[PDB]
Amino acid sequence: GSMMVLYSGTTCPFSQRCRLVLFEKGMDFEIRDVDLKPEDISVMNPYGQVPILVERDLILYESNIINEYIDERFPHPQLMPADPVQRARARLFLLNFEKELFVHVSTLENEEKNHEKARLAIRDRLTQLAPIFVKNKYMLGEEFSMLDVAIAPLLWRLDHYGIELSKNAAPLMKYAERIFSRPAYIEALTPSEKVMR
């Protein structure tokens, strides 16, 4: 039975992952907007960050941890592949997103010359990713997954972040629109996020 409470940053891309996941699963939950921040935030998460998930005695932070937990509590729809081989591949992709893209998102969100280096790294990495979507509907092919969940807040914020993409990036934007069109995505978007595009 669901008792989920999500402490969420209204313009936080990491929080948007969790918000997206909760709306995809269509279960009961409560979102608490955090203004960057009440004292209990650093009590619940010693790193002082959102998102934070609370369900009874459980306190979780880090968006991918939170989302994996939710995906296991409410397995429909399935966001992590059921097959162990596929699940491992996907976990490795998620991890690489964190290393290759979202460390730069953190720079953009949390910290000035570093911002420029961050944008360039994100452009370059997306340039490498773009050809995937020549043939694939979603990251793992036909099925929506945690990989799409994870990257969507970044793709959403490309203009907000002042990211210029290379010529080969067109299939990536088509892919991005396919995510943004999802009913859960629309529902999980904050008023503040909606203005970004």
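Numbers follow the displayed sequence, beginning with 1.
The entry shows a gap from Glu111 to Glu112, with 4 to 9 unmodelled residues of the deposited sequence in between.
Unmodelled stretch separating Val134 from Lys135: none (count of deposited-sequence residues without coordinates). The stretch 153 to 161 shows the higher mean C-alpha B-factor when 140 to 148 is compared against 153 to 161 in the entry. When the mean C-alpha temperature factors of 112 to 120 and 68 to 76 are read from the deposited coordinates, 112 to 120 comes out higher.
Compared with the other modelled residues of the chain, the Cα B-factor recorded for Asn168 ranks in the highest third. Sort the chain's modelled residues by C-alpha temperature factor and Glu62 lands in the lowest third, per the entry. The deposited CA B-factor of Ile52 belongs to the lowest third of values across its chain.
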